[PDB]
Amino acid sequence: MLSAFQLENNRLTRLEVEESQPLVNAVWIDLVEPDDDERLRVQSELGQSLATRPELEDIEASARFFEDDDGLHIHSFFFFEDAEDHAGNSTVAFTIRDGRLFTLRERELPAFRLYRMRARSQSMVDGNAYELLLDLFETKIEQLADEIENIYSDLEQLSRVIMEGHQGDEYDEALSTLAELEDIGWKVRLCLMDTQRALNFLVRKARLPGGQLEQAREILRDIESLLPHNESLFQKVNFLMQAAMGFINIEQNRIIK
């Protein structure tokens, strides 16, 4: 799946690619699960080699944040929910070269789907690959903050089930919920920590235009403010786990009598 976009008065406009062949006009090429036809197309029409599937699995800093003849690379985790409502992080490879952004990903993602909806009716400022990459990160952070906001309200409800329920039915269900919330928080944190590394890397490496620099700093400031929330949930979740076991042991004593 190849989509391509070009700039028209600081507005991202979707190029037609199946028909209008010239990719050279694009500022952003976005690949989703691309076949070897789409990869070869990008290879010949632009200069661009793209990361292979197994190289997006690598977690080492030097494998994720680096510069080479193929440009500036940032591999970042993006958060999503699979078909059965289970959280995950999918790695996305960002590459910037000759003022163009390339995004390569294994799947559809809510930050991208959201950015693209908005991009249809919203001007960029400086209008360049770096602003665009940071815009995708801004959107990612906005969505992680929503996730956290939801863990809070779910944990609030679940806290009351744990104080007020005693049946076994309500309690199997409670530990499962707790475990699902821990997992989301955990994945959210991986997502934040990685974005944070990525942004620190760019601040030191790219000659980011000054408008971009402030933007990146704003994003770093948001991450600094969400991480503590993450840690706060893990304390609550662990405490609730402990309390439940307490209630189960008390119940068991009742039963034995």
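Counting begins at 1, following the sequence as shown.
A.B. asks: Highest mean C-alpha temperature factor of the two stretches 151-159 and 125-133, which is it?
C.D. replies: Comparing averages over the C-alpha atoms only gives 125-133.
A.B. asks: 203-211 versus 184-192: which one carries the higher mean Cα B factor per the record?
C.D. replies: So the stretch with the higher mean C-alpha B-factor is 203-211.
A.B. asks: Among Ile248, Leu233, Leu23, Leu240, which carries the highest Cα B-factor?
C.D. replies: Largest recorded C-alpha B-factor: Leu23.
A.B. asks: Compare the CA B factors listed in the entry for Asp30, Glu218, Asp35, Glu224 and report the winner.
C.D. replies: Comparing C-alpha B-factors across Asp30, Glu218, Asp35, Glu224, the maximum falls on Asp35.
A.B. asks: By its CA B factor, does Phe78 count among the lowest, middle or highest third of the modelled residues in the chain?
C.D. replies: Bottom third by C-alpha B-factor.
A.B. asks: Against its chain's modelled residues, does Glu138's Cα B factor rank lowest, middle or highest third?
C.D. replies: Its C-alpha B-factor, which the entry lists for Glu138, ranks in the lowest third among residues of this chain.
A.B. asks: Taking the chain's C-alpha temperature factors as the reference, tell me which third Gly168 falls into: lowest, middle or highest.
C.D. replies: It falls in the top third of the chain.
A.B. asks: Would the CA B-factor of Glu108 place it in the lowest, middle or highest third of its chain?
C.D. replies: As the PDB entry reports it, the C-alpha B-factor of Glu108 lands in the middle third of its chain.
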